[PDB]
>>> print(open('final_33.txt').read())   # compact mmCIF, C-alpha atoms
# COMPACT_ATOMS: atom_id res chain seq x y z
CA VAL N 4 81.69 47.61 -6.48
CA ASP N 5 83.58 49.66 -3.97
CA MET N 6 84.65 52.84 -5.70
CA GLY N 7 85.76 54.90 -2.71
CA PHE N 8 89.38 55.00 -3.83
CA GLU N 9 88.51 55.86 -7.43
CA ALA N 10 86.25 58.64 -6.15
CA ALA N 11 89.17 60.06 -4.15
CA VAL N 12 91.36 59.90 -7.28
CA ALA N 13 88.70 61.85 -9.17
CA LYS N 14 88.43 64.35 -6.32
CA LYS N 15 92.13 65.03 -5.69
CA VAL N 16 94.35 63.71 -8.53
CA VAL N 17 92.83 63.87 -12.02
CA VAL N 18 92.27 67.30 -13.58
CA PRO N 19 91.62 68.61 -17.08
CA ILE N 20 94.44 70.28 -19.00
CA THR N 21 93.96 72.21 -22.24
CA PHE N 22 96.74 73.03 -24.70
CA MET N 23 96.14 76.15 -26.81
CA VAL N 24 97.44 76.17 -30.37
CA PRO N 25 97.84 78.65 -33.26
CA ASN N 26 96.91 76.15 -36.00
CA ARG N 27 93.53 74.77 -34.85
CA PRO N 28 90.28 76.54 -33.85
CA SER N 29 90.12 74.84 -30.43
CA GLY N 30 92.39 73.80 -27.60
CA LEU N 31 93.44 70.19 -27.12
CA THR N 32 91.94 68.88 -23.87
CA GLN N 33 92.99 65.76 -21.99
CA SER N 34 93.74 64.79 -18.39
CA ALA N 35 96.70 65.38 -16.08
CA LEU N 36 97.62 63.87 -12.70
CA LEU N 37 98.47 66.12 -9.75
CA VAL N 38 101.34 64.55 -7.78
CA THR N 39 102.25 67.03 -5.04
CA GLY N 40 103.26 70.66 -4.56
CA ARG N 41 103.61 72.15 -8.04
CA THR N 42 104.35 68.89 -9.87
CA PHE N 43 102.02 66.94 -12.18
CA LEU N 44 102.21 64.04 -14.65
CA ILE N 45 101.39 64.38 -18.36
CA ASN N 46 101.91 62.33 -21.51
CA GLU N 47 105.20 62.95 -23.30
CA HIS N 48 103.55 62.86 -26.72
CA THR N 49 101.25 65.71 -25.68
CA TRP N 50 103.94 67.72 -23.87
CA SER N 51 106.51 67.47 -26.68
CA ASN N 52 104.10 68.28 -29.51
CA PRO N 53 105.53 71.46 -31.08
CA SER N 54 102.28 73.30 -31.84
CA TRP N 55 101.02 74.51 -28.48
CA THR N 56 101.84 78.03 -27.29
CA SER N 57 100.25 77.80 -23.82
CA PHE N 58 98.22 75.47 -21.63
CA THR N 59 95.71 75.88 -18.83
CA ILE N 60 95.58 73.79 -15.67
CA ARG N 61 94.03 74.46 -12.24
CA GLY N 62 92.76 77.85 -13.39
CA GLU N 63 96.25 79.01 -14.48
CA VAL N 64 97.69 79.87 -17.91
CA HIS N 65 101.28 78.84 -18.66
CA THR N 66 103.19 79.79 -21.80
CA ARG N 67 105.55 77.46 -23.62
CA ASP N 68 108.67 79.54 -22.91
CA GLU N 69 108.32 79.34 -19.12
CA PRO N 70 111.31 77.56 -17.51
CA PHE N 71 109.50 74.34 -16.60
CA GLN N 72 111.55 71.75 -14.74
CA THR N 73 110.74 68.38 -16.27
CA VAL N 74 111.67 64.70 -16.19
CA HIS N 75 111.09 62.44 -19.18
CA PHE N 76 111.06 58.84 -17.96
CA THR N 77 112.94 56.20 -19.97
CA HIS N 78 113.30 52.44 -19.60
CA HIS N 79 116.45 50.59 -20.71
CA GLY N 80 117.23 53.61 -22.89
CA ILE N 81 113.85 53.66 -24.70
CA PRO N 82 111.49 56.63 -24.14
CA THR N 83 108.29 56.20 -22.20
CA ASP N 84 105.18 58.30 -22.74
CA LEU N 85 105.45 59.70 -19.18
CA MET N 86 106.58 63.23 -18.26
CA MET N 87 106.78 64.87 -14.86
CA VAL N 88 106.40 68.68 -14.98
CA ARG N 89 107.06 71.09 -12.12
CA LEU N 90 105.45 74.52 -12.45
CA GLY N 91 106.79 77.76 -11.05
CA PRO N 92 105.55 79.07 -7.70
CA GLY N 93 101.80 79.15 -7.18
CA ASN N 94 98.97 77.54 -5.28
CA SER N 95 99.93 74.05 -4.16
CA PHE N 96 98.42 70.77 -5.32
CA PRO N 97 97.37 68.17 -2.74
CA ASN N 98 100.02 65.64 -1.81
CA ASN N 99 98.70 62.59 -3.64
CA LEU N 100 101.70 60.32 -3.16
CA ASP N 101 99.58 58.06 -0.93
CA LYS N 102 97.54 57.14 -4.04
CA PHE N 103 100.34 55.99 -6.40
CA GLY N 104 102.12 52.68 -6.68
CA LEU N 105 101.64 48.96 -6.06
CA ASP N 106 104.26 46.65 -4.57
CA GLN N 107 102.72 43.54 -6.17
CA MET N 108 101.73 42.96 -9.78
CA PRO N 109 97.99 42.95 -10.61
CA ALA N 110 96.51 39.52 -11.30
CA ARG N 111 95.67 38.45 -14.82
CA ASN N 112 92.23 39.75 -15.83
CA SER N 113 91.83 41.93 -12.74
CA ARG N 114 89.83 45.16 -13.04
CA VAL N 115 91.44 48.36 -14.33
CA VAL N 116 89.45 51.53 -13.65
CA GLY N 117 90.36 54.65 -15.59
CA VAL N 118 89.61 58.00 -13.96
CA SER N 119 89.34 60.83 -16.48
CA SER N 120 88.63 64.55 -16.66
CA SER N 121 89.01 64.61 -20.45
CA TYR N 122 85.35 65.13 -21.43
CA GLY N 123 84.03 66.25 -18.12
CA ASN N 124 84.61 63.64 -15.46
CA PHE N 125 84.01 59.97 -16.10
CA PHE N 126 85.23 56.47 -15.32
CA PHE N 127 86.06 53.66 -17.73
CA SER N 128 87.06 50.08 -17.04
CA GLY N 129 88.42 46.89 -18.57
CA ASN N 130 90.30 43.71 -17.76
CA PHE N 131 94.04 43.85 -17.09
CA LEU N 132 95.90 42.16 -19.97
CA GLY N 133 99.44 42.36 -18.57
CA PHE N 134 102.58 44.44 -18.86
CA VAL N 135 104.33 44.95 -22.19
CA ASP N 136 107.91 46.10 -22.70
CA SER N 137 106.78 48.44 -25.49
CA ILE N 138 104.04 49.44 -27.90
CA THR N 139 104.48 50.31 -31.56
CA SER N 140 102.68 53.58 -32.32
CA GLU N 141 102.08 56.09 -35.09
CA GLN N 142 104.73 58.24 -33.36
CA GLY N 143 107.32 55.49 -32.73
CA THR N 144 108.09 52.97 -30.02
CA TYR N 145 107.15 53.72 -26.39
CA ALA N 146 108.33 51.64 -23.43
CA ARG N 147 107.00 50.22 -20.14
CA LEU N 148 103.23 49.96 -20.44
CA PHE N 149 100.38 47.67 -19.55
CA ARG N 150 97.22 46.94 -21.45
CA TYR N 151 93.54 46.65 -20.77
CA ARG N 152 90.55 45.44 -22.79
CA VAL N 153 88.34 48.49 -23.40
CA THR N 154 87.86 50.82 -26.37
CA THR N 155 89.48 54.16 -25.61
CA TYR N 156 89.29 57.48 -27.44
CA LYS N 157 91.36 60.47 -28.47
CA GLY N 158 91.50 62.81 -25.50
CA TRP N 159 91.46 60.10 -22.86
CA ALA N 160 95.26 60.35 -22.48
CA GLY N 161 96.36 61.30 -18.99
CA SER N 162 93.53 59.47 -17.22
CA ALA N 163 94.61 57.73 -14.03
CA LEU N 164 94.67 53.91 -14.20
CA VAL N 165 93.72 52.24 -10.90
CA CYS N 166 94.66 48.56 -10.53
CA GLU N 167 94.51 46.08 -7.67
CA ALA N 168 97.19 43.94 -6.04
CA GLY N 169 97.73 42.69 -2.51
CA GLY N 170 94.23 43.70 -1.44
CA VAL N 171 94.78 47.38 -2.29
CA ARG N 172 93.86 49.62 -5.22
CA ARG N 173 96.34 52.30 -6.33
CA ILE N 174 97.16 54.39 -9.41
CA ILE N 175 99.85 52.61 -11.41
CA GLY N 176 99.42 54.22 -14.78
CA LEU N 177 98.44 57.06 -17.06
CA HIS N 178 96.49 56.34 -20.22
CA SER N 179 98.54 56.57 -23.37
CA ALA N 180 97.21 54.89 -26.49
CA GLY N 181 94.53 52.77 -28.09
CA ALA N 182 94.54 50.08 -30.75
CA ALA N 183 91.60 48.00 -31.99
CA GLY N 184 89.68 47.77 -28.72
CA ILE N 185 92.73 47.53 -26.42
CA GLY N 186 94.05 50.45 -24.38
CA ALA N 187 97.63 50.95 -23.23
CA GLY N 188 98.80 52.96 -20.24
CA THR N 189 102.29 53.98 -19.17
CA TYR N 190 103.41 52.44 -15.88
CA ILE N 191 104.05 54.57 -12.79
CA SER N 192 106.20 53.41 -9.88
CA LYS N 193 106.49 55.00 -6.46
CA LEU N 194 110.29 54.76 -6.47
CA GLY N 195 110.44 56.49 -9.85
CA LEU N 196 108.19 59.34 -8.72
CA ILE N 197 110.24 59.96 -5.57
CA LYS N 198 113.52 59.98 -7.48
CA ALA N 199 112.15 62.41 -10.06
CA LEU N 200 110.61 64.70 -7.43
CA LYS N 201 113.98 64.92 -5.68
CA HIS N 202 115.67 65.72 -9.01
CA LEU N 203 113.18 68.54 -9.64
CA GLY N 204 113.58 69.96 -6.13
CA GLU N 205 109.98 69.40 -4.96
CA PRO N 206 110.63 69.53 -1.19
CA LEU N 207 109.38 66.54 0.79
CA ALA N 208 109.99 65.09 4.22
CA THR N 209 111.39 61.56 4.41
CA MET N 210 109.63 59.25 6.86
CA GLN N 211 112.33 57.76 9.05
>>> encode(input="final_33.txt", output="structure tokens")
Amino acid sequence: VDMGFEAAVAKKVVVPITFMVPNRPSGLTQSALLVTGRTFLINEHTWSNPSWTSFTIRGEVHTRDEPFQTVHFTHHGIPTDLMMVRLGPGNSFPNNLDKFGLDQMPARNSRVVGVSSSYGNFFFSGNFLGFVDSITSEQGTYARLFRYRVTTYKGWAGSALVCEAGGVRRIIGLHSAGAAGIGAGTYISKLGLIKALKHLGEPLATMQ
């Protein structure tokens, strides 16, 4: 199996993130996706949880009261589990926009590869089960996901989901949830990322 693209995702995109809390003996660790500059992707259910007082990413500590610029993605007025967060000034992330987005839909039963830094680095995989308008979760309804047949675990949220369409493999999701042997990831589109990055002021050149 060619895994060159997934290896590049592990090398440049997926990183661990740990949220520190005052009501548990240990931090909550999962994965995050570096997009470009000072902007990354993270699950909304993790970001919005009220307990954490700081988090660490890329060797940096950030407190909850910092003036983060954020976008919470919605679909037809229903919340998704996807947040984009732009940090204050600091050392830049790689520009990983070449690794996100597919213009065609993945075929039924094609291979999904998850790329995680949640428990050290690892891959997981399962068959693509299709897009769903929403999932019903212990925290409410979330919109615009796709599913895959593989048992997933607490902490695996934020892992990059690499799918295949039109002879190319790209990241089109971030892991969100699990239910009885089936995982669900929140969909990522290139157009949505670009629109949100512009809203947050992450400076980029436009190819003309």
>>> residues_around(input="final_33.txt", residues="residue 8 in chain N", least_positions_apart="6", cutoff="9 Å", atoms="only C-alpha atoms", output="JSON, numbers by chain")
{"N": [102, 165, 172, 173]}
>>> atom_distance(input="final_33.txt", atom1="CA of residue 38 in chain N", atom2="CA of residue 200 in chain N")
9.3 Å
>>> atom_distance(input="final_33.txt", atom1="CA of residue 71 in chain N", atom2="CA of residue 191 in chain N")
20.9 Å
>>> closest_residue(input="final_33.txt", among="N:40, N:97, N:188, N:53", to="residue 11 in chain N", atoms="only C-alpha atoms")
N:97
>>> closest_residue(input="final_33.txt", among="N:186, N:58, N:42, N:156", to="residue 96 in chain N", atoms="all atoms listed in the file")
N:42
>>> closest_residue(input="final_33.txt", among="N:127, N:190, N:55, N:149", to="residue 174 in chain N", atoms="all atoms listed in the file")
N:190
>>> atom_distance(input="final_33.txt", atom1="CA of residue 116 in chain N", atom2="CA of residue 9 in chain N")
7.6 Å
>>> residues_around(input="final_33.txt", residues="residue 112 in chain N", least_positions_apart="5", cutoff="7 Å", atoms="only C-alpha atoms", output="PyMOL selection string")
chain N and resi 130-132
>>> closest_residue(input="final_33.txt", among="N:95, N:121, N:144, N:21", to="residue 80 in chain N", atoms="only C-alpha atoms")
N:144
>>> closest_atom_pairs(input="final_33.txt", of="range 68-154 of chain N", to="range 29-35 of chain N", cutoff="12 Å", atoms="only C-alpha atoms", output="tab-separated table")
residue	atom	partner	partner_atom	distance
N:85	CA	N:35	CA	10.9
N:86	CA	N:35	CA	10.3
N:87	CA	N:35	CA	10.2
N:88	CA	N:35	CA	10.3
N:117	CA	N:34	CA	11.0
N:118	CA	N:34	CA	9.1
N:119	CA	N:34	CA	6.2
N:120	CA	N:34	CA	5.4
N:121	CA	N:33	CA	4.4
N:122	CA	N:33	CA	7.7
N:123	CA	N:33	CA	9.8
N:124	CA	N:34	CA	9.7
N:125	CA	N:34	CA	11.1
>>> write_last_selection(input="final_33.txt", atoms="C-alpha atoms", output="mmCIF file, in the frame of the given file")
data_model
loop_
_atom_site.group_PDB
_atom_site.id
_atom_site.type_symbol
_atom_site.label_atom_id
_atom_site.label_comp_id
_atom_site.auth_asym_id
_atom_site.auth_seq_id
_atom_site.Cartn_x
_atom_site.Cartn_y
_atom_site.Cartn_z
ATOM 1 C CA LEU N 85 105.450 59.700 -19.180
ATOM 2 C CA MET N 86 106.580 63.230 -18.260
ATOM 3 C CA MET N 87 106.780 64.870 -14.860
ATOM 4 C CA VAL N 88 106.400 68.680 -14.980
ATOM 5 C CA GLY N 117 90.360 54.650 -15.590
ATOM 6 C CA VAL N 118 89.610 58.000 -13.960
ATOM 7 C CA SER N 119 89.340 60.830 -16.480
ATOM 8 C CA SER N 120 88.630 64.550 -16.660
ATOM 9 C CA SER N 121 89.010 64.610 -20.450
ATOM 10 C CA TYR N 122 85.350 65.130 -21.430
ATOM 11 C CA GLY N 123 84.030 66.250 -18.120
ATOM 12 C CA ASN N 124 84.610 63.640 -15.460
ATOM 13 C CA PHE N 125 84.010 59.970 -16.100
#
>>> residues_near_point(input="final_33.txt", point="(106.9, 60.2, -10.2)", cutoff="9 Å", atoms="all atoms listed in the file", output="number ranges by chain")
N: 38, 43-44, 74, 76, 86-87, 100, 103, 191-200
>>> residues_around(input="final_33.txt", residues="residue 66 in chain N", least_positions_apart="3", cutoff="10 Å", atoms="only C-alpha atoms", output="ChimeraX atom specification")
/N:22-23,55-59,69-71
>>> residues_around(input="final_33.txt", residues="residue 155 in chain N", least_positions_apart="4", cutoff="10 Å", atoms="only C-alpha atoms", output="ChimeraX atom specification")
/N:127-128,151,159-160,178-187
>>> closest_residue(input="final_33.txt", among="N:99, N:140, N:209, N:154", to="residue 17 in chain N", atoms="only C-alpha atoms")
N:99
>>> closest_residue(input="final_33.txt", among="N:145, N:126, N:50, N:134", to="residue 73 in chain N", atoms="only C-alpha atoms")
N:50
>>> decode(input="final_33.txt", residues="range 60-74 of chain N", atoms="N, CA, C and O atoms", output="PDB file, in the first residue's frame")
ATOM      1  N   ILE N  60       0.459  23.183  22.484  1.00  0.00           N
ATOM      2  CA  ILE N  60       0.584  22.734  21.102  1.00  0.00           C
ATOM      3  C   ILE N  60       1.900  23.279  20.575  1.00  0.00           C
ATOM      4  O   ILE N  60       2.268  24.417  20.870  1.00  0.00           O
ATOM      5  N   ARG N  61       2.632  22.445  19.830  1.00  0.00           N
ATOM      6  CA  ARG N  61       3.871  22.880  19.175  1.00  0.00           C
ATOM      7  C   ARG N  61       4.850  23.519  20.159  1.00  0.00           C
ATOM      8  O   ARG N  61       5.534  24.498  19.845  1.00  0.00           O
ATOM      9  N   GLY N  62       4.919  22.958  21.362  1.00  0.00           N
ATOM     10  CA  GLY N  62       5.824  23.445  22.382  1.00  0.00           C
ATOM     11  C   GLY N  62       5.408  24.715  23.091  1.00  0.00           C
ATOM     12  O   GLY N  62       6.195  25.231  23.898  1.00  0.00           O
ATOM     13  N   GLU N  63       4.206  25.232  22.829  1.00  0.00           N
ATOM     14  CA  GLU N  63       3.720  26.497  23.365  1.00  0.00           C
ATOM     15  C   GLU N  63       2.567  26.258  24.332  1.00  0.00           C
ATOM     16  O   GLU N  63       1.762  25.350  24.133  1.00  0.00           O
ATOM     17  N   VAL N  64       2.467  27.104  25.360  1.00  0.00           N
ATOM     18  CA  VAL N  64       1.329  27.108  26.279  1.00  0.00           C
ATOM     19  C   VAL N  64       0.439  28.304  25.959  1.00  0.00           C
ATOM     20  O   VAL N  64       0.927  29.434  25.836  1.00  0.00           O
ATOM     21  N   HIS N  65      -0.869  28.070  25.872  1.00  0.00           N
ATOM     22  CA  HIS N  65      -1.838  29.129  25.604  1.00  0.00           C
ATOM     23  C   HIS N  65      -2.954  29.077  26.632  1.00  0.00           C
ATOM     24  O   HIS N  65      -3.560  28.024  26.834  1.00  0.00           O
ATOM     25  N   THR N  66      -3.239  30.211  27.268  1.00  0.00           N
ATOM     26  CA  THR N  66      -4.295  30.238  28.269  1.00  0.00           C
ATOM     27  C   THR N  66      -5.653  30.533  27.637  1.00  0.00           C
ATOM     28  O   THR N  66      -5.757  31.078  26.539  1.00  0.00           O
ATOM     29  N   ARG N  67      -6.708  30.189  28.375  1.00  0.00           N
ATOM     30  CA  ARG N  67      -8.046  30.268  27.802  1.00  0.00           C
ATOM     31  C   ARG N  67      -8.462  31.701  27.493  1.00  0.00           C
ATOM     32  O   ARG N  67      -9.248  31.926  26.566  1.00  0.00           O
ATOM     33  N   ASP N  68      -7.951  32.681  28.237  1.00  0.00           N
ATOM     34  CA  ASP N  68      -8.377  34.060  28.048  1.00  0.00           C
ATOM     35  C   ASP N  68      -7.583  34.801  26.977  1.00  0.00           C
ATOM     36  O   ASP N  68      -7.790  36.005  26.803  1.00  0.00           O
ATOM     37  N   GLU N  69      -6.709  34.122  26.235  1.00  0.00           N
ATOM     38  CA  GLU N  69      -6.073  34.761  25.096  1.00  0.00           C
ATOM     39  C   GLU N  69      -7.119  35.077  24.030  1.00  0.00           C
ATOM     40  O   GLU N  69      -8.127  34.378  23.913  1.00  0.00           O
ATOM     41  N   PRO N  70      -6.904  36.140  23.239  1.00  0.00           N
ATOM     42  CA  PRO N  70      -7.917  36.569  22.259  1.00  0.00           C
ATOM     43  C   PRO N  70      -7.854  35.783  20.952  1.00  0.00           C
ATOM     44  O   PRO N  70      -7.609  36.334  19.874  1.00  0.00           O
ATOM     45  N   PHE N  71      -8.071  34.473  21.043  1.00  0.00           N
ATOM     46  CA  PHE N  71      -8.048  33.635  19.848  1.00  0.00           C
ATOM     47  C   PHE N  71      -9.060  34.136  18.825  1.00  0.00           C
ATOM     48  O   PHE N  71     -10.187  34.494  19.174  1.00  0.00           O
ATOM     49  N   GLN N  72      -8.665  34.147  17.555  1.00  0.00           N
ATOM     50  CA  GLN N  72      -9.619  34.335  16.469  1.00  0.00           C
ATOM     51  C   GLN N  72     -10.064  32.956  16.007  1.00  0.00           C
ATOM     52  O   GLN N  72      -9.217  32.108  15.714  1.00  0.00           O
ATOM     53  N   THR N  73     -11.376  32.723  15.961  1.00  0.00           N
ATOM     54  CA  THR N  73     -11.867  31.383  15.653  1.00  0.00           C
ATOM     55  C   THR N  73     -13.035  31.428  14.676  1.00  0.00           C
ATOM     56  O   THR N  73     -13.764  32.421  14.579  1.00  0.00           O
ATOM     57  N   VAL N  74     -13.208  30.324  13.953  1.00  0.00           N
ATOM     58  CA  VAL N  74     -14.383  30.088  13.130  1.00  0.00           C
ATOM     59  C   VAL N  74     -14.974  28.751  13.544  1.00  0.00           C
ATOM     60  O   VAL N  74     -14.263  27.742  13.587  1.00  0.00           O
TER      61      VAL N  74
END
